[PDB]
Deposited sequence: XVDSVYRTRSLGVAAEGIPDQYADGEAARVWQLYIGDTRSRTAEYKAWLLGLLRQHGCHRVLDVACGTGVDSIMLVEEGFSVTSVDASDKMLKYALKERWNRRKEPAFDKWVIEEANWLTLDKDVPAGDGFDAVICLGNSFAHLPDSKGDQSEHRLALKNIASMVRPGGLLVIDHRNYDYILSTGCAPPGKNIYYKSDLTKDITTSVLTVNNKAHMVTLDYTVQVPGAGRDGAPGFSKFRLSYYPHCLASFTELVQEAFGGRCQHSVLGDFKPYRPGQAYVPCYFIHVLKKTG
């Protein structure tokens, strides 16, 4: 009596017709957001290249490839890059760029494949390991805690760590959600990796479940040719002391750990409130 009937199952597609909600207004502005990646900051490039070079890294795994934009810098600079992502919609962009650039030998050797943190050990044979694994741009916080005990967080971080060769590097970040939770507000424009060209106004919604922070949901209203349209994304608010604990546990404690606040050294109680924390772990070996 109350049942509803779909024309096609959730998740299925067909020749000649766009995929489900592919062409909606939220999707359209979201696409402008993920493309707002044209200006890589000098300090980002200089910091990452410096840290990879300082450790002699050659073989790099990017486990949050997205559109490829972090991985493309490394390809251009002569690293042997493998890049993976669980999201096909985002990988589509990385693959397209690689295809356009395929006559450049460095791009012909760029590996791009579907993989999920939760199955990474299977989806990507480690061999002996990578020299560096990177997970930057606050991508780790895209994974929610839908079971309630952060067991998925721990599995994902363990699998990401298992990709690092002994003596190798993991570099993994999060936005400063300690500040977001204390103020209730996640302001726009602060991406330290790519300088934003897109003008965005953000509403921040924080869900607390029995007094424990559970989700941060950001509603973006983006001015476009004029025009004025909205999309929504959500994030797990990782706080610094928990993530410090988690990321070291993923290695069995067999790691040296340090934390940066926006590319610079971080020490508690410093005047400067970083936008992002960047954890750097050298696995024992």
* When the deposited sequence is counted from residue 1, which ranges lack any model? -> 1, 227-233
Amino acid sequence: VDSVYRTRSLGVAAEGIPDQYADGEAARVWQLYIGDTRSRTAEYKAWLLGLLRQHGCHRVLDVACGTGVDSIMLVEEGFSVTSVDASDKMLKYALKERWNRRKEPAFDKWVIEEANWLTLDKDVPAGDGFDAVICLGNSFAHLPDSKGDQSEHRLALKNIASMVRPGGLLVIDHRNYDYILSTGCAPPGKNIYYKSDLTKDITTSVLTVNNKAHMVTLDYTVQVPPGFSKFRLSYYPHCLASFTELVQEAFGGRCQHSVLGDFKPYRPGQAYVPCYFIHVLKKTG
From here on, numbers count along this sequence of modelled residues.
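Whichever C-alpha set is largest while still superposing within 1.5 Å between the two forms counts as the rigid core.
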* Would you mind working out which of 132-140 and 181-189 sits farther from this form in 6 other deposited structures of this protein by RMS C-alpha distance, with the rigid core as the fit? => 181-189
* Structure fact -> Core-superposed comparison in 6 other deposited structures of this protein: bigger Cα RMS shift among 78-86 and 200-208 is in 200-208
* Checking the other PDB entries that cover both flanking residues: does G56 lack coordinates in at least a third? -> no
* Do a third or more of the other compared entries leave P226 out of the model? -> yes
* Structure fact -> Once average C-alpha B-factors are taken from the entry for 189-197 and 210-218, the winner is 189-197
* Please work out which of 31-39 and 231-239 has the higher mean CA B-factor as recorded in the PDB entry. => 31-39
* Taking the Cα B-factors listed in the entry, which of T119, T204, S83, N176 comes out highest? -> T119
* Among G11, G261, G269, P18, which residue carries the highest C-alpha B-factor recorded in the PDB entry? -> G269
* To do: State the tercile, meaning the lowest, middle or highest third, of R254 with respect to the CA B-factors recorded for its chain.
  => highest
* Check where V4 lands among this chain's C-alpha B-factors and tell me if it's the lowest, middle or highest third. => highest
* Taking the values exactly as deposited, rank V247 by C-alpha B-factor within its chain and report the matching third: lowest, middle or highest. => middle
* Please rank the C-alpha B-factors of the chain's modelled residues and tell me whether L169 sits in the lowest, middle or highest third. => highest
* Comparing against every modelled residue in the chain, figure out the third that the C-alpha B-factor of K147 lands in (lowest, middle or highest). => highest
